[PDB]
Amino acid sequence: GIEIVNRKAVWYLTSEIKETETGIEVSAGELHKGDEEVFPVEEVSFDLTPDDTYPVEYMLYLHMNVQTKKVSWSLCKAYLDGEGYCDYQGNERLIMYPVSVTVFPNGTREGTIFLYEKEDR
């Protein structure tokens, strides 16, 4: 299954992230760096599609353009054949990776949905 990890951090996301029948749905929300700064985050969704032979790793990245302040989503899809793996390859500032799921050929999903909330006041 995909376990839900509620976790406190300086950088936190108010977007609702959930597992659906077909994949992952992330609602529109806000990225916060503590009390100081807030950035708008668009909604995003993707299918957790299995492969016939290999398990498939899905890793969702939340990164920021340093110049424009635009916070965007990136998705890595890797086939776990001994050479495939997920690692953020982009040139923007990686903030977090709230979804990490391995989908097995028979449809079994194993991984984590990270839900970051504010450190306590």
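Residue indices: 1-based, along the sequence shown.
In this entry, the higher average B-factor at the C-alpha atoms falls on 83-91, of the pair 83-91 and 39-47.
Averaged over their C-alpha atoms, the temperature factors of 66-74 and 28-36 are higher for 28-36. Residue-level temperature factors show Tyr97 in the middle third of its chain, judged at the C-alpha atom. Per-chain ranking of the deposited C-alpha B factor places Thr108 in the lowest third. The PDB entry assigns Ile17 a C-alpha temperature factor belonging to the middle third of its chain's modelled residues.
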